[PDB]
Amino acid sequence: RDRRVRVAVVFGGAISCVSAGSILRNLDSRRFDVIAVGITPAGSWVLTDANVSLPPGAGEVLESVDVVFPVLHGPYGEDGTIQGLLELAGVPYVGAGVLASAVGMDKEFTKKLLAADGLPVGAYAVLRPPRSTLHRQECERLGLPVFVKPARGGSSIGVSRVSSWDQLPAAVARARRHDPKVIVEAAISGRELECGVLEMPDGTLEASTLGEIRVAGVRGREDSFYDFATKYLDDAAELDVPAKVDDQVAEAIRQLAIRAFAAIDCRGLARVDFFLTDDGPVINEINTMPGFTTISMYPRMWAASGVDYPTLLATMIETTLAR
Amino acid sequence: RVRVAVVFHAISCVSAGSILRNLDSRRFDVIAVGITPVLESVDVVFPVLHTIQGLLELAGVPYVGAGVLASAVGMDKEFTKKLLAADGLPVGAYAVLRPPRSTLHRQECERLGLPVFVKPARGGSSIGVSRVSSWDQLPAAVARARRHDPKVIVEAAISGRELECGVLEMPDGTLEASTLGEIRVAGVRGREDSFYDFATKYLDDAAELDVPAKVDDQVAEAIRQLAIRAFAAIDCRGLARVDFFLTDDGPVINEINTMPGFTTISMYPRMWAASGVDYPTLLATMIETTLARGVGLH
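Residues numbered from 1 in each chain as written, not as in the entry; some residues may be left out. Chains lettered and ligands numbered in written order. Heavy atoms only, no water. Residues with missing side-chain atoms left out of burial classes, pairs and counts.

J.: Where do I start with the pairing of strand β11 (residues 189-199) of chain A in this structure?
T.: Residues in a regular strand project their side chains so that they alternate between the two faces of the sheet. Residue and element names in this part refer to chain A. In terms of burial, β11 is a largely internal element, 9 of the 11 residues being buried. Bridge count for β11 against strand β14 (residues 222-223) is 2 bridges, and the pairing is antiparallel. Paired with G190 across the two strands is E222, which belongs to β14. Note that β11 and strand β16 (residues 269-277) share 8 bridges and pair antiparallel. (Buried < 20%, exposed > 50% of the residue type's maximum accessible area, 1.4 Å probe, protein only. Helix = DSSP H or I, 4+ residues; strand = E, 2+ residues; numbered from the N terminus. Pairing = 2+ DSSP bridges.)

Written as structure tokens, this is what we have:
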């Protein structure tokens, strides 16, 4: 119709193509006028069968649409790069935004903001150069083992399981190869539960039914060493959606997810990664770039909550246009 | 000679002016820029305006100042109070309203008390701000603020003597706090309040300044220490002006400004001059420090 919202699904020339495919097939063509844009390795915007200084082809594409639906993923994982371009071009797009993503990308800032709002996070310390060592009081507070990680990074690169304090220095140097700022986290374990948060056009935040992942077979309990996304790629992962959990606890966790979203001033969407510990729920991650394949955890959780993919996608578009 | 570029609402033009005349020419090659009068050809940039940061970050060029996240935090009243309270620093009570919510919960009212100041969470503290002395006035105040920012902060009024402190990042990474500077508008001794932001009050003709502030030594020392911690609490770089109110219950932090005025008569340069650091030395130091750090993750 001559009234349909015009949408560009923009993705990188694998998961990104499959995600783009999933989005393309589930956008209601009665409602949206949709085109498909692949970004070449070199960074040119090339149109593909949908079934200031901007990149080659990007100018012409952007003027022809009202909203961009970007696939924030690349060969190395989550990739929010394009968000900055779109912010600069003044084009509305589905995404958490530059600022929330920068926050979400930094474990220190994320944990700081979460805790500031009274949300449960695992105990940890932060080491900046030259600091490669911890105070005795910090050691007692953290216990062992600790997981040493670059504050900013992905896919669990530069991450070490430290099992005696003597191992810390080497672990810090390893993490420091990737980020000068290094986080020493108390190990967290229990059941790993996900919750997807969705922002409605009026700002109302809705939380999905919980999804559970298990990748530790014999051990019976998950821990926070690997990130959820990495675990999700394990051939041995088992997912329960919905997760089999007390209704009261599920409700409490969903409320926490909502609060986590607000805590970092997120926009649009996020996946919140919880561990159900002996001492209760702990937030291990809030991820601002959830997956968009039809078998990704975010869409599955929402489907289990009664919200089909076409409705989910339409809502995200409606929310970003309202904003 | 280190090549330097100064980029620059209306106070940005003036600031940029002082900087040009004061950068030791024998030490630096300088290029002023709103536009001439790309590249590169420059080894450091001195931003005096405005995202501008993220752009320079994306350019891999070293620049003076807090930059991306820290800049965002200092501009966001909610983020500021969050992160400050995180490190155990004293801030005023507040509540935040995000759409679709406009009405405070009873527990928020309980904690806030009256009067409160309603403000857009972002931007200056001049536009869309209201003083609310009774709850029935709150809805209209929120509607006013929300015209300027969807996120609205409701703040307990803070009152007392207003004191500023400039933090400076040295090349070796140590942080130094300037002597205190006091400001007074309004008729009284205390009776300064957190309604308007420092910057606005600093432009008022009525404004009286004491630099150094006449304050007890133990109190001044503690405030300067709180200022260092505030700077670190938001992961700031290079410099900041921290705005305090000395209340009946002790100092309270109201603002961390990551882009203070840079005229020779601005508060930040004034505080440092009163601390034994003249304007030329201050600027050279800032350039020194930013060369020594980046670019890259920090």
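There is more to say after this.
J.: Can you help me understand the domain arrangement of chain A in this one?
T.: Size of an interface: often given as the accessible area lost when the parts come together. All names here are of chain A. Each domain of chain A was delimited in the assignment, giving domain 1 (1-94 + 308-323), domain 2 (95-121 + 188-307) and domain 3 (122-187). Between the C-alpha centres of domain 2 and domain 3 the distance comes to 23 Å. Mapped by element, the contributors of at least two residues to the side of domain 2 that touches domain 3 are α5 (107-116) and β17 (280-287). With 5 residues, α5 is the single largest residue contributor to the side of domain 2 that touches domain 3. (Domains from an automatic or database assignment.)

J.: Even after reading the chapter, I still don't get the side chain of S101 of chain A, so can you show me in this structure?
T.: Take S101 of chain A: it is sitting in helix α4 (residues 98-105). Sequence-distant contacts of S101 of chain A, that is, excluding residues within four places in its chain, are made with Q83, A96, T288 and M289 of chain A. (Contact = heavy atoms within 4.5 Å.)

J.: Quick question: what am I supposed to make of the sheet that holds strand β8 (residues 146-150) of chain A here?
T.: The strands that make up a sheet pair up through hydrogen bonds in the backbone, lying either parallel or antiparallel. Residue and element names in this part refer to chain A. Strand order in the open sheet made by the 4 strands is β7-β10-β8-β9, with antiparallel pairing throughout. What marks the edges here is a single partner per strand, and that holds for β7 (124-127) and β9 (160-162). Averaged over all pairs of adjacent strands, the angle between their axes in this sheet comes to 25 degrees, without regard to strand direction. Of the pairings in the sheet, the one linking β8 to β9 comprises 3 bridges and is antiparallel in character. (Axes fitted to C-alpha atoms, helices over the stretch in contact; angles between N-to-C directions.)

J.: It is not clear to me how the packing of α4 of chain A against α5 of chain A should be interpreted in this structure. Could you clarify?
T.: When two helices pack together, their arrangement is given by the angle between their axes and by how far apart the axes lie. All names here are of chain A. At their nearest, the axes of α4 and α5 sit 5 Å apart, and the two run at 100 degrees to each other. On the basis of the axis angle, α4 is roughly perpendicular to α5. Every residue of α5 that contacts α4 at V103, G104 and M105 is listed here: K107, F109, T110 and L113. In terms of residue class, the contact of α4 with α5 is built from 4 nonpolar, 2 polar and 1 charged. (Parallel < 35°, antiparallel > 145°, perpendicular 65-115°, else oblique. Nonpolar A, V, L, I, M, F, W, Y, C, P; charged D, E, K, R; others polar.)

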